[PDB]
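The chain below stands alone and is given as structure tokens, in the form deposited in one PDB entry.
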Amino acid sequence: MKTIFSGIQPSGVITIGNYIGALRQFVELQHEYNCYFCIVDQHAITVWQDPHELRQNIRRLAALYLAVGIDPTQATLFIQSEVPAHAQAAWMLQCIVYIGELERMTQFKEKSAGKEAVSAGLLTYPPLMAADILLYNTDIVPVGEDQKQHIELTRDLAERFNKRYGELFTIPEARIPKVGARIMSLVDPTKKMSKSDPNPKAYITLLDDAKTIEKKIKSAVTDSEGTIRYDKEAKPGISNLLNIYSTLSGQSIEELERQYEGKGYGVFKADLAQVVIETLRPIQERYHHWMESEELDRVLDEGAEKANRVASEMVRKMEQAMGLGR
């Protein structure tokens, strides 16, 4: 089948927005395509991290990905650092990428007006990300609007390498998410929902307990009209809430409007709070079952193992072309 590579920054918290926009759809994709889900812990180290928190967030993320419904026998789930080829191929590519290319990256602006105290990791992480991708001959890389820049560079490195040393890598394509909706902040309906929002009331986490989901939805910003009708502009807040309600319950927007006809936001919010709790419940159940189970490790184990099989043969061929070793 076609291959798909997806790197996951270990951070132990993914929003209902991530779930709805991309994650959820993967459970389907994993039968049509050959998926790889790498918990890129080496990339997470480019910025300060607490060792214990990071070690923890790596298990959390794997627990949660399985909990959501990723099948470890169908797809491949693994931790980046337990597959050495990543770092090995990262070095080889660093050697074919020019400094300029990495400097002119619309993300290295992190150098902040004379910071200087920036890890070289920040500057060099793109060639590692190219490795993550290229090592498995991936075809599609499900990234957002923002990442596109990195995809292009890996595409460039792939070809540069191919022409200099021979046809080895597959040029990857940056495919966008399905969504067709987008989940906005509950506190500012114009802004997009994210884990990195300074206000916790802005998002709902797949591990938020009922009491907290109840609390956050009540607070979600609506408007003064008092009617449950879809209106992108004019009624941003309601329209968002309706969007969340609809994708999770399977009921149309037209349907939900008709249902909440002469009802106000008070009950609407109380209803939504429920549909969310009813939807996260099994996930939070399964998740804890995975955090307790030693079967988790056995999964990561065969994950790496399956990944290593391919990565290695790729590096072998890379070292072969470059002229390294024997």
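So that there is no doubt, residue numbering starts at 1 and follows the sequence shown. By rigid core we mean the largest C-alpha set that fits within 1.5 Å across both forms. Shifts are known only where both forms have a C-alpha.
The same protein has a further form, the form deposited with a small molecule bound, not shown here; the description that follows concerns it.
Peer 1: Heavy atoms within 4.5 Å of the small molecule in the deposited bound form: which of the stretches 208 to 216, 156 to 164, 180 to 188, 251 to 259 has them?
Peer 2: Stretch with heavy atoms near the partner: 180 to 188.
Peer 1: Is there a heavy atom of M314 lying 4.5 Å or less from a heavy atom of the small molecule in the deposited bound form?
Peer 2: So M314 does not count as contacting the small molecule.
Peer 1: Report yes if any heavy atom of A22 sits within 4.5 Å of a heavy atom of the small molecule in the deposited bound form; otherwise report no.
Peer 2: Yes, contact at 4.5 Å.
Peer 1: Residue-level contact is defined here as any heavy atom of the residue lying within 4.5 Å of the small molecule in the deposited bound form; does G144 satisfy this criterion?
Peer 2: Yes, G144 sits close enough to the small molecule in the deposited bound form that at least one of its heavy atoms falls within 4.5 Å.
Peer 1: Look up in the deposited bound form whether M193 has a non-hydrogen atom within 4.5 angstroms of the small molecule, and give yes or no.
Peer 2: Heavy-atom contact with the small molecule at 4.5 Å: present for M193.
Peer 1: Name the residue from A87, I171, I176, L123 that puts a heavy atom within 4.5 Å of the small molecule in the deposited bound form.
Peer 2: For this set of options, the contacting one is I176.
Peer 1: Identify which of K201, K178, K195, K148 has its C-alpha displaced by 2 Å or more between this form and the one not shown once the rigid core is superposed.
Peer 2: Single residue meeting the criterion: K178.
Peer 1: Looking in the deposited bound form, are the Cα atoms of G180 and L280 closer together or farther apart than here, the change being 3 Å or more?
Peer 2: Relative to this form, closer in the deposited bound form.
Peer 1: Taking the cut-off of 3 Å or more as given, in which direction does the distance between the C-alpha atoms of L77 and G180 change in the deposited bound form, closer or farther?
Peer 2: Closer, not farther.
Peer 1: Can you list the runs, three or more residues long, in which each C-alpha shifts by 2 Å or more between this form and the one not shown once everything is superposed on the core?
Peer 2: Once the cores are aligned, run 176 to 181 is the only one whose C-alphas move by at least 2 Å.
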